[PDB]
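Notes follow once the structure below has been shown.
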Amino acid sequence: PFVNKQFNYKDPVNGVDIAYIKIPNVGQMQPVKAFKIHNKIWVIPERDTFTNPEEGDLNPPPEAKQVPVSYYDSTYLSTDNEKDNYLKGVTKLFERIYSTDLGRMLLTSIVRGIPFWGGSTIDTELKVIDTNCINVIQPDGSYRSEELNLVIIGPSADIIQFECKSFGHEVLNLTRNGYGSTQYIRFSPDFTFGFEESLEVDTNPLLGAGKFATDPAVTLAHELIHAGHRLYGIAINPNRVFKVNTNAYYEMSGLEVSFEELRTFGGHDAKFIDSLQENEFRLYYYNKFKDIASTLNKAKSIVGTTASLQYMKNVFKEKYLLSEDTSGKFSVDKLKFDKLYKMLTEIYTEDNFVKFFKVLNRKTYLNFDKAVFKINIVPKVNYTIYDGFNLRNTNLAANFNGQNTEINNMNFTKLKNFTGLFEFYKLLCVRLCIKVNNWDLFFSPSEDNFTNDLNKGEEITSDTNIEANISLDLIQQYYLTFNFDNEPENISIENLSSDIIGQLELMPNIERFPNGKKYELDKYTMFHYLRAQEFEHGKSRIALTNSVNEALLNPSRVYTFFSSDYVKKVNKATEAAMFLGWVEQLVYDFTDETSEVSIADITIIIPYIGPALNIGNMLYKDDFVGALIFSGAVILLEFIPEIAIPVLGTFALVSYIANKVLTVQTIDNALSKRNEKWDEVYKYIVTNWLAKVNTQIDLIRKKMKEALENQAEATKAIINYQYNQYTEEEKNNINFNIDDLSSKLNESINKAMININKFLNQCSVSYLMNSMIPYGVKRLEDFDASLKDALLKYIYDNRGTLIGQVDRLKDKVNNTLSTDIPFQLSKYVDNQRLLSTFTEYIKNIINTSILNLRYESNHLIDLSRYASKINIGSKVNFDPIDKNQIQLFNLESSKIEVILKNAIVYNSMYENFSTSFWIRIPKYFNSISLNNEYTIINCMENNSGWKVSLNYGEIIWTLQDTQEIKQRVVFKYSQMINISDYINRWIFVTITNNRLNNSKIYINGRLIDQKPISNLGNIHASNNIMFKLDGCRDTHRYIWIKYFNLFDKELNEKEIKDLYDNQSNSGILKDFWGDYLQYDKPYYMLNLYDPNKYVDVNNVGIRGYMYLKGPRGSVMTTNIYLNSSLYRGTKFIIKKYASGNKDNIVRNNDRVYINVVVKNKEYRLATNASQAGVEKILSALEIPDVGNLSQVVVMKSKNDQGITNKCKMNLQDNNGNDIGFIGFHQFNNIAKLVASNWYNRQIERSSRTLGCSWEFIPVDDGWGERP
Amino acid sequence: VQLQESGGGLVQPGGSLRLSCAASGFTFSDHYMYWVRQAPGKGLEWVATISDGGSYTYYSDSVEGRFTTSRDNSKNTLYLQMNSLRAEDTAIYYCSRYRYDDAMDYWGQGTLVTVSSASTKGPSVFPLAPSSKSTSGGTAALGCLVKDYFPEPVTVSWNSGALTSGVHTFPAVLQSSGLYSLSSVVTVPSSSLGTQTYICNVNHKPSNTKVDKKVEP
Amino acid sequence: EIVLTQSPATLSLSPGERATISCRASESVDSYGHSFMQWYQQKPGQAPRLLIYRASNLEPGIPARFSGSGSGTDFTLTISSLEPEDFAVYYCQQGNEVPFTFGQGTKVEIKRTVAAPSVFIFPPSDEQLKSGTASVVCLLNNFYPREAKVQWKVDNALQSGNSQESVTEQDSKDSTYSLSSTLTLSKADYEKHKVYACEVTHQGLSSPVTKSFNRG
Ligand SMILES: [Ca+2]
Ligand SMILES: [Zn+2]
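Residue numbers (the entry's author numbering), protein chains in the order written: chain A, 2 to 432, 453 to 489, 493 to 622, 627 to 1295; chain D, 2 to 218; chain C, 1 to 216.
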C-alpha cells in the first residue's frame, strides 16, 4: 500500500514507472533500467558503478578500507534473477518500514521534502536545479525530465558500505543550507551485519549464544533517516566530527564519528553531543530556513515549467512549514520549526525504529560489526513484512531468535570478511609481543568534544523565557498531528539536456590512520591476558590449559582464571567409561567457577574478573575484590576522565521600581530559571559520563563475555582431543553430542553473564554517582547560595513595592533554594537496565553519604570517595577483633584528621545535613570529670562550624556561626543507676539539622532533644573533621568510636531507625558492652528478669545444680558513680562445638558447648533431658563425665521471623530436637536454672524480657570494677 | 637515653627565670612531660604536667598563674617559665618523661633554683689543725672550716680527689647571719704527718672561688 | 588534692629484714581498673628512681626484693630482704588525677652493732681569729646510734645557744654517723678564757669523755 505495483525486473519499459533513465553524471553515461516504486521515489537494481567515476572496478581496493568488516562480490547483482530478487526485497522492506507508525511518518516526510528551486542566477526568479532530476526514456525514444527525491541503487564495490550520496554545486552546500538535493542511497536487502549482544540476558534468559543479524529494515530506515536530513538540507557538516585520542597503547588506532551520524543513530550515541553544540546547529538551520522564506518572498517569476509560481511557492510553505500572512509574505515560526527539526533529528532515529520493529539491534555505533551474512528476505517462509525475521507462532518469535544466526541458520549464510583480522592494529609488548586488532581497543573521546557555557552569567528579567524526553507516547502525539495525504504532485517540466552533468557532493579528504605502531610496556596489559586465553585452533592435540602465563609461548598457550582444582581436573588422563563421566562433572565445575559471587553500593562482586583481564590497576595476585572495595569502580577504568564543571555563572535580576507584577514575575522567572540550571549541569554530567565512563565499562563487559567464551572453547577442545583417541569403536557406544555440551555451557555462560552485567552495571552508576555528579552538585549548591543572597536583597530593596507579600516571598525564596533538587537519571537516560540499577542505589541511604569511614584491607578509608585525605595519629588504636572500632586516647597524638576534597565541599553544606557514629564512652571515674567538657569530633574554622562534645553523663552537639551565636542539644544520662543502658556500652548517636528548623539528637534511634537553629546562621563549612580528645582533663581517659558518617541531608525518623538496624549486625551475638560475643572468653552472667542476682553452683556433678542467688553488691566512687556490681557469680565460657568460620565471633545459630568456671576449674553445663516434666534442671558436670547427657546449645540473637531478642541459649538433645532455652525456674523454693521449652513457645508470641534473657559481661577497663 | 635540665641560679625575690630540659634517645614528640621540684632536704613536689602536642597544661595550685610550661617538639626541648618568684620556690627542679599510661620513668639530674634578696658571697677557708697532743691511737684528724658563703653549694675534695677514704663532709648549716657554713674532716695516720702532705680543695662555683688549703700543725 | 599519708614516719632496720612501708589516700587512686600508685626510692643528692608503677608492677631492671601491692586508698611497698644500700627516703605517688601528689616520704635507716665515736677537738685558726670571730670545732667520728649529747665547757662553765651541730648520713660501709659541734665566739670573748673542751655522752661510752685544750 506504499508500493502499489508488484514489479518484476523483466516487466517491460513503459516510460511512466518502468523506464530506462539517465542520471546526473560526470560526462556521458548510458542509461539504466529503473522502477518508480512511489511518487518521487525510484529504484535502480544495478551495482552503483556510475555515480563515483573514480571507482572503476568492483574488486577489493588495493589497500583495504579501515572498516571492521567488509565484503566484495564483483559478481553480485549481475544477473536478472538477482535483480528481480533485489527489486522485490527493497520493496518489501519499504512496506515493513511503512507498516510502523514512525515509518509511515519518515516516509511521508521524505516524499514531501522537495529539493529547492534553486538555481536561478537572478534574485527575482525560481529555477529548478538540474541534478535534482532525471531523464526518463520513453519507448519511442523521446525523453521527459522528472523531479525526484530519492533513488535506491545497488551498492558499490564494498557491498555493505551503504551510503547517502547527493550531487553538488559549485557554490551551494545543498544538504546543509535548507535547500536539499536528490538522495542516492547505495543499498542491498541481500546482505546484513552480524554483531554480538550481551545485555539481553537479564530479560530473555535462554538467549542464542553467538552472533545476531541486524534486521535489514533497520539499516534501510537508518539510510532513509540520513536521506531525510539531507532532503530538508539540515545535515550536520561532516568536517564536524567527534574526535578521539589515539596515542595511547589502549586507545583506538583511529575512528571517524560524524556528529551527523551521532544525531542520526539517536539513542545514547546522540547524547554525546553537548547542549551548547545541539543549540548551535538548530539556530543555524532555523536561520537557513529564514533565508529560504526570504528568497521565496523575493521571487516574482518562475521558469522551466507550466506550473504556477504560487502553486510552487506553496509547495515549500508546506515543506518547511512556513507561515503565510495575508499579503503572501512568508516567514518562519520559531515554534513550528523547533518541532519539525525535533522530528527530523530527534524522532527519526535508528534507535526509535528499533523500538518499533521490536527487533534486537546494536545499541551504540560502538558495538562493532563482527561479520557479514547473505540473507534472502523475499520468501515469506523466511521473513515477513510485520515480524521481520522473528516469525510469529514459531520457534523464532521467541527470544529475538529469528535473529540468532545459529538458531535460524538456514537463513544466514556466513561470508568472508574482507578486512583481515589484523588488517588494522597496534603492537603491545613487554620489557614477547602481540597484535591487537584496532577495533578491539578503547574509545577515548578528546575533551575538546565537550563544550558548555555553564560559566556564563545571565540577566533575569520579567520577560525572561521559560522552557518548555522522547517517549513513544510523545511520538504518538506527533503522528496524530501528521497530515497524511495532499501528496505533492508529479508536474511536467521543460526538458533538460539528454545528459545531466554533475559530480557527487565532494566529501573529505579523511586520512589513512597510522598502522601499528609499536608499544613497549612494563606490565602485561589486559589485551595480553586475553590472548593467552585464545588458541590454537587447531588440530593435533595441544590444549593443556595452564595458569601463570607465559602461556603465550606455546601452545598450549591457553591460560585460565580458574584454580589448580580445574586445571588439574582437565589435564588428565582419562578413559573410557569414566568419560561420561568426566563430562557432567565438568559442567558442574564450570558452573561453580563461573557463577561465583561475593560495602553497600556494589552489592554484587565478581571475584574472578581481576585475574581474567588483570584489572587493571593490575597489581597481583587476584584479591581484586579487596582492591575494588578500597578504591571504587575507578580501578576498572583504563583512563580516568576529567570532571570539569566551572564556577557557575551567577544571576542578576532586573529591578522594576514601583511595579508589583513585573517584580514578582522577575522573582518567579528567577527561581524557575534556576531549576533549568540544575538540569543543565546534571545533563552535561550524564553526557560526559555516558561517553567517557560507561563506554569503558561496556567494553570490559564485552571482554568478560569473551573470556568466558574462550574458556568454554578451550574446554570443548580438550574434551574432544580426548574423545577422539578412543573406542572407537564404542565410540559407537557412548553417543555424545557436543551440541548438548555447547548447549549447556552457553546456558551456563549466560547465567554468569547476568551476574557480571549487574556487577558492572552497579560499577558505572556508582562512578557517576560518587565521583562525577558530586563535582557538579557543589557548583550548583554555590550558585544556589549566591542567587539566594541576590534574591533577598531584591526583596528588601523593592520592599515598599511589595508591601503586602514580602513574608510570602521570603518563604518562597527560602524554601526553594534550601532544597537540593533531586538528580533523576530517568530524566537523562532512556535505558531500563541502568535506570533500575540507579533506582536500586538510591533506595539505600548510605550510598548517598558524603563521608563513610570504614576500615578496609588495612587502612581506614572513606567508601563515599569524598574525603581527600585521612591522617591517622601515631597512637590511634584499632581493635584487632573488629578494626572498625577506633580507640582514642587523651594523647594529642591519638587523633584522626579527615580532610575533604576541595572542589567537592561547598560553603552551605552544613545547613541541612546530619551525622551518625557509634561511640562507646567509659564510666567517668574522677572528680575532675564532674565539670569538664571536652570536644571529640571537631569541625570548626575560626569560631564557626559544628562540634560533638562530652561531659559527665552527657553527649553534646553544638552549632555556631558566623560571629555569634550557638545552639546546642544534649543527651543526658546518669551514673547513679543499677544497670545502665549507656555507661561503657556501644550507643548509636545520630544528629540531624535544618537551617530553617532545629538540631535534633537521636540515641539508638530514639529522639532525645531538639532546639531551634533557625535563629542563624549562617555556618562556615570547615574543610577539616578532627577526631581528638580536645580538652579532657582526665589524663587516663579515652573513648571508642566506630562507623562515622556524614549526610548532606536531614535524616527522618524511619531513615535513622533503618540506619540503626543495618549497622547493628543482628546476626552476630553481642556481649553486654555491645562487643562481638567471642568463644573461649570468660563472661559474668546477668539475668535480665532478675538483675539483682548472680549465678552459683551448689554442687558440681549431677547431684548438684546451678542457681540464682542474691544480692549482687554495689560498686561506687563517692560522688561519681554507684551501680550494681557486674563482675559477680560463676563464669561462662562459650566453647566451640562446630563452626567453620575461621574466627572467634559467636554467631546466630551457632551450636556450642557451655563451660562453667567453678573455683578455677572448667565444668560443662548439662542436664538429663528425660527428667519428667518440662523444666530440666541444669548442672555443672565434670567435662569428661558428661556422657550422653544433653549439652549442645544453639546460640541465638534472633528468632525465626527475625525479631531480635535476648534469649541466648537454646539447649538441645543429642538427637537435634529442641529441649528449651536456658532460664530459671522458681516461685517454689530456690531459683534453680532450667532448660524450659515454655520459653521457645513464649518468644514466638512476644518480645517481652524473660527468664531466658541473659547478658554476657566481660571485664573491660571502661567499667573498671575490681574483681 | 637521657635528659638534661638547665637554667637555674640565684634569682631575686620578684624576679623571673627560664628552665630548659633537653631530651634525646626517644621519640620526644609522643610523651607527656612533667616538672617535679624538691626543696633542699624536703618532700618531692609536682609542679607542672604538659601533654605531648603541648596544648594542655596542668599546674599545681601552688605555682598556678606564676609558672608556665611549654615545649618546642622539633627541638626536643621542654621549658619552664618562672615569674615573680618567692622564697618558697627554692628547690632542685626535675623534668621527667611519663610513659603512657604508667609512670614518670625517666628523670634528669636537676638544676638548682634559689630565691633570695641576698648577694653572692664567697667562702673563707680556714684550716682545722690536728692537735698536737695526739696521739693516739691512731689516728689523728684534720680538716677545713669553709665558712661564710652563699648560696649553696660548696664542694670539698682532698688531694685533687686522690684521698677519699676516711673523709667526711658535713652538710651546710644556715647561720644566724644568713650565710652558710660547713666543715670537712679526715682521719689519717699519726705516722705520715710531717711527711705526707694533705691539701683541701674547695669550690664555690657560684662565686668562681677555688681554694686549695694546706692543713698542717 | 588527694592527700597521701605515709607511715611510719621513720623506719630503722637491719639488713635482710622485712620493710613494710604504708601509703594511704584520702580519696581513691583508682580509675579504669588501675590503681595509679607509684613508689620511689631516693638516695640523697640523686633524682628519684622509679620502683613500682600502677601499685603492683615492678619496673624493668629493679630487683625482686621490692614488690608493690594494694588498691584504692591503701598501698604498701615491701622489701623482701632489705639491704644496707636500701637506706633511703621512699615515696609513694598518685598519678590518678591532678593535682598529682607525693607522700611526705619514709626514711629507711640501717641498723648495726652499737659503735663508739672517735672524738676530735679543734682550736680556731690563727688567721680566723684576726678576722673577728673564733670557731671551736668538736668532731665525733664514726659512731652509732646518732643520739648524742655534747656540751661545750669553757672554764668548765656551760655554754648554750652559741653553737650548731651538723650530721653526715650513713657512710654505708658501716651504717655509721659523724657529727661536728661548732661553737662560735667573738675574738674579745674567746681570749678572755683559757681551757676549752667539748664533752660527750653516748651509748657506746661507759662514762662521758672530754676533749680539751688551753691556748698555746
Ligand atoms: Ca533535547
Ligand atoms: Zn549512517
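By construction, the Cβ of each residue, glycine as well, lies at the ideal position given by its N, Cα and C atoms.
{"Check": "Closer than 7 Å: residue 451 (chain A) CB and nearest ligand 2 heavy atom", "Outcome": "Missing from the coordinates: residue 451 (chain A), inside the break in chain A from 432 to 453."}
{"Check": "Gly1201 (chain A) versus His34 (chain C): straight-line alpha-carbon distance, rounded", "Outcome": "49 Å"}
{"Check": "DSSP-derived helix/strand/coil call for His269 (chain A)", "Outcome": "coil"}
{"Check": "Rounded C-alpha distance that separates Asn96 (chain C) from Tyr90 (chain C)", "Outcome": "19 Å"}
{"Check": "Collapsed DSSP secondary structure at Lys701 (chain A) in the structure displayed", "Outcome": "helix"}
{"Check": "Straight-line Cα distance separating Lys730 (chain A) from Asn899 (chain A)", "Outcome": "40 Å"}
{"Check": "Closer than 7 Å: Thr265 (chain A) CB and nearest ligand 2 heavy atom", "Outcome": "yes"}
{"Check": "Own chain partners of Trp1014 (chain A) with C-beta closer than 6 Å, once the 5 adjacent residues on each side are dropped", "Outcome": "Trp946, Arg948 and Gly1102"}
{"Check": "Euclidean distance between Cα positions of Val355 (chain A) and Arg145 (chain A)", "Outcome": "40 Å"}
{"Check": "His223 (chain A) CB to nearest heavy atom of ligand 2 below 7 Å", "Outcome": "yes"}
{"Check": "Proximity test, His887 (chain A) beta-carbon vs ligand 2 heavy atom, cut-off 7 Å", "Outcome": "no"}
{"Check": "Residue of A:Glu961, A:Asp49, A:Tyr1001 and A:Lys299 minimising C-alpha distance to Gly119 (chain A)", "Outcome": "A:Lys299"}
{"Check": "Cβ contact check for the segment 544-561 of chain A and the segment 571-578 of chain A: 3 or more pairs under 8 Å", "Outcome": "yes"}
{"Check": "is_contact[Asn918 (chain A), chain C] using C-beta, thresh 8 Å", "Outcome": "no"}
{"Check": "Near ligand 2: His227 (chain A) beta-carbon under 7 Å from a heavy atom", "Outcome": "yes"}
{"Check": "Spatially closest choice to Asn1126 (chain A) from A:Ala1166, A:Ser324, A:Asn1120 and A:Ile1205, by CA coordinates", "Outcome": "A:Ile1205"}
{"Check": "Contact under 8 Å by Cβ, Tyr1191 (chain A) with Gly1157 (chain A)", "Outcome": "no"}
{"Check": "Beta-carbon contacts of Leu11 (chain C) that lie in its chain and below 8 Å, excluding the five residues immediately before and after", "Outcome": "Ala19, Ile21, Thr106, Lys107, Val108 and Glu109"}
{"Check": "Residue from A:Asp474, A:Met732 and A:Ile135 with nearest C-alpha to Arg555 (chain A)", "Outcome": "A:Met732"}
{"Check": "Contact between the segment 212-230 of chain A and the segment 88-97 of chain A (3+ Cβ pairs under 8 Å)", "Outcome": "yes"}
{"Check": "Secondary structure, beta strand (DSSP E): runs of 3+ residues fully inside the segment 1085-1134 of chain A", "Outcome": "1111-1115 and 1122-1125"}
{"Check": "Cα-Cα separation, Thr865 (chain A) to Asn752 (chain A)", "Outcome": "47 Å"}
{"Check": "Inter-stretch contact (C-beta, 8 Å, three-pair minimum) for the segment 189-203 of chain A and the segment 365-377 of chain A", "Outcome": "yes"}
{"Check": "Which residues DSSP lists as bridging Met105 (chain D), in chain order", "Outcome": "D:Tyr99"}
{"Check": "DSSP beta-bridge partners of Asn880 (chain A)", "Outcome": "A:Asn1073"}
{"Check": "Neighbour list for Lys148 (chain D) in chain C, Cβ cutoff strictly below 8 Å", "Outcome": "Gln128 and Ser135"}
{"Check": "Residue(s) in a DSSP beta bridge with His34 (chain C)", "Outcome": "C:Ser31"}
{"Check": "Residue-level contact to chain D via CB, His1064 (chain A), 8 Å cutoff", "Outcome": "yes"}
{"Check": "The alpha helix (DSSP H) enclosing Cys791 (chain A), as first and last residue numbers", "Outcome": "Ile766 to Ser799"}
{"Check": "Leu862 (chain A), DSSP secondary structure in three states", "Outcome": "helix"}
{"Check": "Below-8 Å beta-carbon distance, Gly66 (chain D) vs any chain A residue", "Outcome": "no"}
{"Check": "Three-state secondary structure (DSSP) of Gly1290 (chain A)", "Outcome": "coil"}
{"Check": "Residue of A:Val1128, A:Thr694 and A:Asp1108 minimising C-alpha distance to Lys1164 (chain A)", "Outcome": "A:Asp1108"}
{"Check": "Integer Cβ distance of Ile1162 (chain A) from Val1185 (chain A), believed to fall under 8 Å", "Outcome": "Actually they are not in contact, since the Cβ atoms of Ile1162 (chain A) and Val1185 (chain A) sit about 12 Å apart, beyond 8 Å."}
{"Check": "Listed by chain order, chain C residues near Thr140 (chain D) by CB distance under 8 Å", "Outcome": "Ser118"}
{"Check": "is_contact[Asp907 (chain A), chain C] using C-beta, thresh 8 Å", "Outcome": "no"}
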